[PDB]
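Below, each chain spelled out in residue letters.
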Amino acid sequence: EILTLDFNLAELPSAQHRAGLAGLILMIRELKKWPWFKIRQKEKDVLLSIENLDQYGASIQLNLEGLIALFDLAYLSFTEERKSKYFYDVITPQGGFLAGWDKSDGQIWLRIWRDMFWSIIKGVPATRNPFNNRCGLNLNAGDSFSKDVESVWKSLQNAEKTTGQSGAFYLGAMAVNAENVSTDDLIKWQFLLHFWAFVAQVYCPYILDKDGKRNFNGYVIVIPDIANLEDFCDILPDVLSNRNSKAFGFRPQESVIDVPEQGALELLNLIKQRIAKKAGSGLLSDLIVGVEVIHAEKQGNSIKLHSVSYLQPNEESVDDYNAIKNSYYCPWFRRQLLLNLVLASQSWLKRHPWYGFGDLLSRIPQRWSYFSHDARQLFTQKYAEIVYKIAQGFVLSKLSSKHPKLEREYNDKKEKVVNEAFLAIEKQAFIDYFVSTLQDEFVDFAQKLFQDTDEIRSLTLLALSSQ
Amino acid sequence: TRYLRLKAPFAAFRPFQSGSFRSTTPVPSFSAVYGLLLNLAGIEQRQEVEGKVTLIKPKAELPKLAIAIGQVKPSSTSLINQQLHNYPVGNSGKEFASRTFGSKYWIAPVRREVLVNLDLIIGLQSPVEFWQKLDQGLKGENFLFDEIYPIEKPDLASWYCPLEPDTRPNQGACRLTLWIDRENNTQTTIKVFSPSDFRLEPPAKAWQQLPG
Amino acid sequence: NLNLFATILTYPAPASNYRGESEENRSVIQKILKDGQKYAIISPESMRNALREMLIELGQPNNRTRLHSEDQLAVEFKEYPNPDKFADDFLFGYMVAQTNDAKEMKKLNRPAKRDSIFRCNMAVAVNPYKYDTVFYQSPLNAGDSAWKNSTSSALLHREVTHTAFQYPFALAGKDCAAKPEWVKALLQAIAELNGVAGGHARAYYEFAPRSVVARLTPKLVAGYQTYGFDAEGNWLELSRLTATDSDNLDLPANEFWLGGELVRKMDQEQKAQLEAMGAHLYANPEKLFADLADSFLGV
Amino acid sequence: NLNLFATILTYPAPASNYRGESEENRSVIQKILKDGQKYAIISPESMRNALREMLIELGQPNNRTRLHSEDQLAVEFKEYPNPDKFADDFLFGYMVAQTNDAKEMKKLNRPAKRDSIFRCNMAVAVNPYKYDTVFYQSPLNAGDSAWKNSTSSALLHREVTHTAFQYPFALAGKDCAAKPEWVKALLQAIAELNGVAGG
DNA sequence: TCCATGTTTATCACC
């Protein structure tokens with residue numbers, strides 16, 4: 001028969017509901033770009049037509065054969081062999097349209113997406129029951145499965161009816177942490193939630209250890225809130241096709257982030273660059289209203305959540321990405337000021353007090369120089385070039401009167417007193433000689449030195465660079 | 001007609017169906033506001049029943065009123081991870097099936113979060129009898145409310161208003177609920193709300209009429 | 001026809017409570033961004049547990065015990081709480097089961113699903129946190145024992161601080177007149193608070209009440225916000241004593257008696273007469289709670 | 001039935017608890033921030049170890065001792081020869097694993113966890129200190145004999161201070177099982193506390 | 001209404 005459905009984005013309560021619409025639209029378009037789909041249309045009279053495509057509404061018409069073809073494309077899986085480092089094979093889904101757009105080296109981005117799909121969303125064996133059975137089928141051989149399609153088609157007849165949710169989708173409508181009461185939903189909404197994962201972006205976080213190893217754990221999921229359905233489906237084909245191909249071990253360079261906010265903000269940077277490349281699109285807000293950030297991790301038979309956030313995508317953070325690329329490359333603890341920027345938080349980066357937590361951890365392990373000598377100088381005060389000239393003159397005078405491994409001695413000498421300066425959280429003696437070695441700025445010395453905090457920790461840093 | 005201010009040092013407004021990990025919203029939901037207003041009125045809930053569900057509230061008779069919400073200063077939030085009272089979701093067995101006296105026996109901690117400070121200027125348009133009943137309750141014979149005093153005319157602040165599909169919002173709340181009973185129903189349609197920062201009185205669109 | 005509520009304070013001493021969720025090799029404590037600083041927080045649950053432990057310690061019967069189970073901690077030794085007497089100390093007879101009381105006709109009583117008495121807030125510190133550290137050794141249990149040795153011995157860190165803890169009380173309910181003896185025993189147990197946080201035996205901290213002072217008219221909570229106190233120097237004065245002086249006839253000082261046991265040390269007389277003629281006695285908090293309970297149960 | 005607790009202090013003298021883990025050129029002891037000043041700290045673990053050692057001294061049955069014959073810190077008698085039938089102060093020590101003497105259920109019916117009857121707290125100073133005070137020096141090497149071979153020729157200094165300090169302690173009264181001769185020995189040993197330091 | 005299972009990948013960018 002013929003079944004017609006209509007949908008609107010003004011009534012969906014969840015962002016994933018909106019994402020699933022774009023996902024299924026992309027799946028239908030991918031179907032329309034395959035010769036075997038046209039062969040199936042010619043033979044079995046497959047019906048799948050998008051009627052209305054506008055800013056808000058959407059329409060679709062389909063038959064049983066079209067639904068079967070869509071299920072075959074979406075739930076296609078294959079078998080992969082893995083060796084321990086006694087052989088074992090792992091069933092992995094094909095990925096749908098993702099294979100049609102991934103041209104990166106080895107499809108390493110596809111590998112990350114596939115791992116998360118089986119690992120968290122599909123932790124329940126349900127993916128495996130459906131996925132393993134599906135695996136190894138040949139589309140060119142006419143292989144198909146319809147046992148599960150019949151139940152869905154019968155359920156889809158009463159789209160207004162209700163049915164319970166499951167852990168495969170967003171979780172919570174189970175026990176509910178209070179009272180043995182189920183949830184409220186309608187059937188056709190649940191069906192749309194079968195394709196929201198494809199649109200989602202995946203990032204891999206990690207935790208620093210004492211040795212500095214990138215201990216990857218869990219995943220970071222980014223969910224966009226689509227405003228204009230018509231415009232959204234056009235930019236993405238080039239956004240996902242222009243990803244950086246840089247590889248670092250088993251992961252891409254961009255796949256490694258520290259805080260969850262890094263992944264969401266990085267997506268905004270990528271889209272606007274493609275907006276500058278793909279004409280017909282203006283501001284970010286005209287395409288995305290909100291961004292969802294999810295941190296998840298699987299341990300044993302249970303999945304543990306850490307943080308759920310959704311806040312105000314903006315366009316004033318473009319310079320931040322460039323500010324950290326040229327700054328975070330050398331050290332590993334500069335991420336703290338990156339977290340600082342993300343009523344009294346507008347220009348808080350001027351102070352940027354990233355000295356407290358950063359210094360305590362790196363005390364024992366990461367102690368093993370002048371790279372970070374000036375870093376603590378600004379924190380001590382909470383004026384600089386004058387002390388540099390004072391120190392230079394003292395050493396020059398000392399050698400004048402007396403008239404390749406000094407770098408290693410230089411590093412050790414300052415470390416002996418930088419460490420003791422950390423613990424202070426005599427100081428007027430060495431400067432007393434240096435001044436003696438040497439006037440409005442001279443008047444300002446009295447007012448900038450008599451403070452106890454300045455006496456305790458400020459004046460005893462810059463002079464150490466001399467000897 | 002007349003409106004009033006309130007403040008409190010700590011607060012928590014958990015969205016429903018949160019699941020394992022709990023969350024909160026910067027602004028209390030409309031239903032919680034209505035519950036607070038009913039509690040301060042001294043009138044008990046229409047339902048006196050006990051069982052699996054205890055929110056059987058037909059809308060046949062209930063005083064009518066219009067509610068607006070203000071917000072004077074943004075507030076941050078913190079999280080605490082101590083313990084939670086788990087509801088069994090697995091076949092389980094053993095000890096839980098032995099005693100069974102309001103058991104809730106399985107315990108597993110995950111997370112939750114709370115606010116740091118709250119101070120709101122709530123707006124109400126209500127008949128005179130309800131206002132008089134509130135006056136009698138406040139003056140007469142869970143760390144949520146600290147003190148209340150009506151300073152309506154001064155102390156201006158920002159307000160909230162539903163947004164139509166145009167432009168873009170800023171610092172907007174995620175979800176909001178108008179009326180709900182914890183059984184099979186349609187919940188509420190309008191979800192997205194956004195604030196506007198301006199000094200004078202909120203516009204006519206800001207006021208929302210509750211069906212209850 | 002009034003619901004009096006109080007506010008307590010504790011003597012300074014090093015902190016003991018650890019809040020778990022240990023990161024790397026240190027066990028941390030939750031903090032709140034009150035004014036961009038760090039503070040110590042004790043959840044109300046542990047205090048409720050300590051109160052229940054004290055009630056079971058003083059001989060009051062109850063039907064709930066959490067024992068040291070071999071596998072993992074659990075709460076048991078309970079039955080049907082059909083009578084609120086001898087069960088649940090008139091507080092929180094929670095139940096969610098559907099097969100309850102044979103579907104409730106045999107009970108003929110309220111299931112006590114949400115009857116809440118003695119609502120309480122959560123304690124906050126008075127001083128910031130300055131990143132202290134104390135070392136930790138934990139040597140391997142043995143090199144030859146049958147019992148395992150964790151395969152290694154590792155040294156770790158801790159952090160502690162010395163801080164008081166102000167605390168609002170928020171006692172309410174004019175219906176708690178059925179068992180005045182139970183109310184008096186509960187108030188005495190609160191006056192005898194000790195070992196409230198189940199932190200650990202060594203480096204123990206105790207809540208010694210001191211300058212426990214707050215009263216109000218038969219209205220709802222207002223007035224002094226139950227917070228805003230200095231670092232143990234002089235706390236109630238700048239909070240509300242100036243307002244009481246300016247409102248000696250506006251806010252009722254006859255029922256809102258004086259504040260701070262420190263009045264026993266400085267400015268005793270001036271606070272004695274020129275403040276008010278109410279029962280401003282402060283010698284021991286025990287007798288203060290006793291006669292306050294007597295007055296509250298009187299009407 | 002009769003709880004008790006006390007606070008004790010001692011005579012002034014130079015400090016002893018020298019942690020000395022800061023760096024190669026310094027020996028920094030633990031400090032606490034009290035009212036804007038710095039005060040000395042001695043952790044309760046040192047006092048627990050000293051009490052255990054004195055219970056060893058007085059010819060009291062024991063279930064734990066050190067060996068001092070291993071590369072790193074190790075304790076042997078704690079877990080090797082003991083079924084945890086009766087600890088020193090009835091501590092009845094514990095450790096978590098998949099199994100522990102068949103989960104110590106069948107052979108010896110005891111709770112998996114412990115008791116912790118005794119209570120104690122941190123020891124804090126009474127007056128602050130003023131930075132580094134004392135100097136030091138180290139020899140070059142073993143010289144003619146080639147057995148040390150440190151090749152250091154180092155020259156360092158440590159930190160000392162003069163302060164008397166006090167600490168409290170407590171003890172419950174309802175615990176009266178096997179009390180008459182066990183706990184009184186501990187209370188008598190409270191009077192000595194000679195070797196409780198880090199050097 | 002009540003019977004069932006699962007994991008497998010090592011490491012890198014500064015003066």
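Residues numbered from 1 in each chain as written, not as in the entry; some residues may be left out. Chains lettered and ligands numbered in written order. Part of a larger assembly, values for the part shown. Heavy atoms only, no water.

- The deposited coordinates, according to the entry record, derive from cryo-EM at 3.6 Å resolution.

1. As for the overall build of chain C
- Regarding its fold elements, chain C presents 5 helices and 8 strands.
- The secondary structure elements of chain C, listed N-terminal to C-terminal, are β-β-α-β-β-β-β-β-β-α-α-α-α.
- For chain C, the spread of C-alpha atoms along the three principal axes comes to 75 × 60 × 30 Å.
- If you take every contact in chain C between residues at least 6 apart in sequence, the share linking residues at least 24 apart comes to 69%.
- Per element, the accessible surface of chain C, about 15000 Å² overall, is 58% carbon and sulfur. (Helix = DSSP H or I, 4+ residues; strand = E, 2+ residues; numbered from the N terminus. Contact = heavy atoms within 4.5 Å. Areas by Shrake-Rupley, 256 points an atom, 1.4 Å probe, with all protein chains shown as cover.)

2. What to know about the pattern of salt bridges
- Within this structure, the stated rule accounts for 24 salt bridges over all chains.
- Its salt-bridge partner being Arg408(A), residue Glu407(A) comes within 2.8 Å of it at the nearest N-O pair.
- The class for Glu407(A) is partly exposed, based on a relative accessible area of 42%.
- The class of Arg408(A) is exposed, set by a relative accessible area of 55%.
- Among the salt bridges present, the one from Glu261(C) reaches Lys265(C), with a minimum N-O distance of 3.2 Å. (Salt bridge = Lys/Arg side-chain N within 4 Å of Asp/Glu carboxyl O. Buried < 20%, exposed > 50% of the residue type's maximum accessible area, 1.4 Å probe, protein only.)

3. Thoughts on the arrangement of the chains
- Ranking by contact count across 5 pairs of chains in contact places chains C and D at the top.
- As for chain D relative to chain B, no contact occurs, and the smallest C-alpha gap between them is 19 Å.

4. Here we look at the packing of helix α2 (residues 180-191) of chain C against helix α5 (residues 285-298) of chain C
All names here are of chain C.
- The geometry of α2 relative to α5 is characterised by a closest axis approach of 10 Å and an angle of 155° between their N-to-C directions. For the element pair α2 / α5, the angle class is roughly antiparallel. Viewed along their axes, α2 and α5 form a crossing whose handedness is right-handed. Between α2 and α5, the residues in contact are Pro180, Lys184, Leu187, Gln188 and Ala191 and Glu286, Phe289, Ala293, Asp294 and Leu297, respectively.
- For the contact of α2 with α5, the class distribution of residues is 6 nonpolar, 1 polar and 3 charged. (Axes fitted to C-alpha atoms, helices over the stretch in contact; angles between N-to-C directions. Parallel < 35°, antiparallel > 145°, perpendicular 65-115°, else oblique. Left-handed = near helix turned anticlockwise from the far one by under 90°. Nonpolar A, V, L, I, M, F, W, Y, C, P; charged D, E, K, R; others polar.)

5. A look at the protein's contact with DNA strand E
- Residues in contact with DNA strand E amount to 20 residues; listed here are only the nearest, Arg82(A), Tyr88(A), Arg128(A), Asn301(A) and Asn91(B).
- For DNA strand E, a phosphate oxygen lies 2.5 Å from a polar atom in the side chain of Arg82(A).
- Between a base nitrogen of DNA strand E and a side-chain N or O atom of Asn301(A), the distance comes to 2.6 Å.
- Mapped onto the surface near DNA strand E, the elements with two or more residues apiece are β4 (77-83) and α5 (108-121) of chain A.
- Residue composition of the surface near DNA strand E, by class: 10 nonpolar, 2 polar and 8 charged. (Near = heavy atom within 4 Å. Polar contact = N/O pair within 3.5 Å; in protein donor to acceptor, adjacent residues only side chain to side chain.)

6. So, the interface of chain C and chain B
- In this complex, chain C contributes 35 residues to the contact, which on the side of chain B involves 32 residues.
- Here chain C and chain B share an interface that buries about 3000 Å² over both sides, 58% of which is from carbon and sulfur atoms.
- Three residues stand out in chain C for area buried against chain B, namely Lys78(C), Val96(C) and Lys219(C), and they jointly supply 18% of the buried area on that side.
- Scanning the region where chain C abuts chain B turns up 0 salt bridges.
- On inspection of chain C and its partner chain B, the count reaches 4 residue pairs in polar contact.
- For the side of chain C that touches chain B, the element with the most residues is strand β4 (residues 74-76) of chain C, which contributes 3 residues.
- Split into classes, the residues belonging to the side of chain C that touches chain B amount to 16 nonpolar, 6 polar and 13 charged. (Buried area = accessible area lost by both parts, 1.4 Å probe.)

7. Side note on the sheet that holds strand β2 (residues 48-49) of chain A
Residue and element names in this part refer to chain A.
- The 3 strands lie next to each other as β1-β3-β2, forming an open sheet whose pairing is antiparallel. Both edges of this open sheet fall to β1 (3-8) and β2, since each of them pairs with a single strand only.
- Sheet topology places β1 next to strand β3 (residues 57-62); 6 bridges connect them, and they run antiparallel. Looking at β3, one finds that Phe7 is bridged to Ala58. (Pairing = 2+ DSSP bridges.)

8. A look at empty space enclosed by the protein
- The computed volume of the largest cavity comes to approximately 290 Å³.
- For the largest cavity, the lining is made up of 23 residues, of which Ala15(C), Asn17(C), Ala40(C), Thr161(C) and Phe165(C) are closest to its centre.
- In this structure, the second largest cavity spans a volume of roughly 250 Å³.
- In this structure, the second largest cavity is lined by 16 residues; those nearest its centre are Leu98(A), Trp109(A), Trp113(A), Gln201(A) and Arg243(A).
- The element that contributes the greatest number of residues to the lining of the second largest cavity is α5(A), accounting for 4 residues.
- Of the residues belonging to the lining of the second largest cavity, the class tally is 11 nonpolar, 2 polar and 3 charged. (1 Å grid on protein atoms, 1.4 Å probe; cavity = no way out; pocket = protein on both sides within 12 Å on 5 of 7 lines; lining within 4 Å. Points joined across faces, edges and corners; volume = space filled by probe spheres on them.)

9. Concerning the sheet that holds strand β3 (residues 70-71) of chain B
Residues and elements named next belong to chain B.
- If you trace the 3 strands from one edge of the open sheet to the other, you get β3-β8-β9, paired in antiparallel fashion. Because the sheet does not close on itself, it has two edges, and the strands there are β3 and β9 (193-196).
- The pairing of β3 with strand β8 (residues 158-162) spans 2 bridges and is antiparallel. Bridging across to β8, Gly70 finds its partner in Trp159.

10. Topic: unusual backbone geometry
- Positive phi outside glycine occurs at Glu179(A), with the angle close to 70°.
- Summarising the element assignment, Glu179(A) is placed in the loop between α7 (147-157) and α8 (187-192).
- Taking the relative accessible area as the measure of exposure, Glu179(A) reaches 16% and is therefore buried.
- The backbone of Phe77(C) sits at a positive phi, close to 60°, despite the residue not being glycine.
- One can find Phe77(C) in the loop between β4 and β5 (123-125).

11. Side note on helix α16 (residues 385-402) of chain A
- In a regular helix each residue adds 1.5 Å, so 18 residues correspond to 26 Å; α16(A) covers 27 Å between its end C-alpha atoms and thus fits that length.
- Those residues of α16(A) that are buried are in contact with α18 (430-437) of chain A. (Expected span 1.5 Å × (residues − 1).)

12. Comments concerning the interface of chain D and chain C
- Taken together, the contact pairs 34 residues of chain D with 25 residues of chain C.
- Surface buried jointly by chain D and chain C totals about 2900 Å² across both partners, of which 63% is contributed by carbon and sulfur atoms.
- Contact with chain C buries surface across chain D, with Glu79(D), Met95(D) and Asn121(D) losing the most and accounting together for 17% of the total.
- Summed over the shared surface of chain D and chain C, the number is 0 salt bridges.

13. What about a negative patch on the surface?
- Together, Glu230(A), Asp231(A), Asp286(A), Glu315(A) and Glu316(A) make up a negatively charged patch on the protein surface.
- With respect to the helices and strands, the residue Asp231(A) is situated in helix α10 (residues 229-239). (Patch = residues over 30% accessible without salt bridge, like charges linked within 9 Å, V, L, I, M, F, W, Y side chains within 5 Å. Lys, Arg positive; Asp, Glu negative; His and termini not counted. Charge placed at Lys NZ, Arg CZ, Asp CG, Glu CD.)

14. Focus on the nonpolar core
- Core analysis: the largest hydrophobic core is formed by 81 residues, its most contacted members being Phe97(A) and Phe195(A).
- Tallying contributions element by element places helix α1 (residues 15-32) of chain A first for this core, with 10 residues.
- Not counting residues up to four positions away in its chain, the partners in contact with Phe97(A) are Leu26(A), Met27(A), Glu30(A), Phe198(A) and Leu240(A).
- Grouped together as the second largest cluster of nonpolar side chains are 56 residues, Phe10(B), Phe169(C), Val213(C) and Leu241(C) included. (Core = buried A, V, L, I, M, F, W, Y, C linked by side-chain atoms within 4.5 Å.)

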